[PDB]
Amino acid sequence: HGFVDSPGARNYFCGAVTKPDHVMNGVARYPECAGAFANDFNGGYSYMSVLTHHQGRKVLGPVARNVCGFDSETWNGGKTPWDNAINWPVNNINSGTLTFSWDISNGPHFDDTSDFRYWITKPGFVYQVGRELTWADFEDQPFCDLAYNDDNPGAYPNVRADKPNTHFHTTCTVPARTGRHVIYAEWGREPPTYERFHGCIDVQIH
């Protein structure tokens, strides 16, 4: 159970940081989360639970009707808060080497993590409020596809478990891009669960 907190995913900003009730009370760090929680108030508190039990975009192909939530089981295979196309907060980043960090404090699965995978929107991508993502918006293959076996931490330098702070830190190379983009991210586990967690990261590349 967890989510990407650097660069912060939609369910970081609206979930881990800004809670539904914060928005209501007008005391939110991110008032723009109003739009994520407008039609699903209490689902906002399950930001760590955007999960499936299959091997994700790479293996099933572009099958899920909703990109960011990947038709999560927690929403009965329908839309999550983070599939909404609203005025999301954005991460300003550069192309090249970047750490993608998962906060797994809510449900660490160090021992049977299998993979981390990231896809990015195609160069021709135009972000627009109210227009929800399609798989056609993203490259077909992940730009970053990291195996892991906690038995042999040595063999995976691009994956770094931090057990005390219950984080995974992963290293990717974000490809040449500029402007507003989305990175779609997956954290997957081995059998027996095959559980997988899904996130979108809003980015402004330089």
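We number the residues from 1 along the sequence you see.
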Quiz prompt | Between the two ranges 124-132 and 94-102, the one averaging a larger CA B factor in the entry | solution = 124-132
Practice problem: Output the stretch having the higher mean C-alpha B factor in the entry; the candidates are 171-179 and 28-36. | Solution: 171-179
Self-check item: Top Cα B factor in the deposited entry, candidates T52, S49, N165, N152
Solution: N152
Quiz item: Mind checking which third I205 falls in for C-alpha B-factor across the chain?
Solution: highest
Quiz prompt | Ranked C-alpha temperature factor of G78 among modelled chain residues, by third | solution = highest
Exercise. Could you look up the Cα B-factor of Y156 in the entry and say which third of the chain it sits in: lowest, middle or highest?
Key: middle
Quiz prompt | CA B-factor ranking of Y45, expressed as a third of its chain | solution = lowest
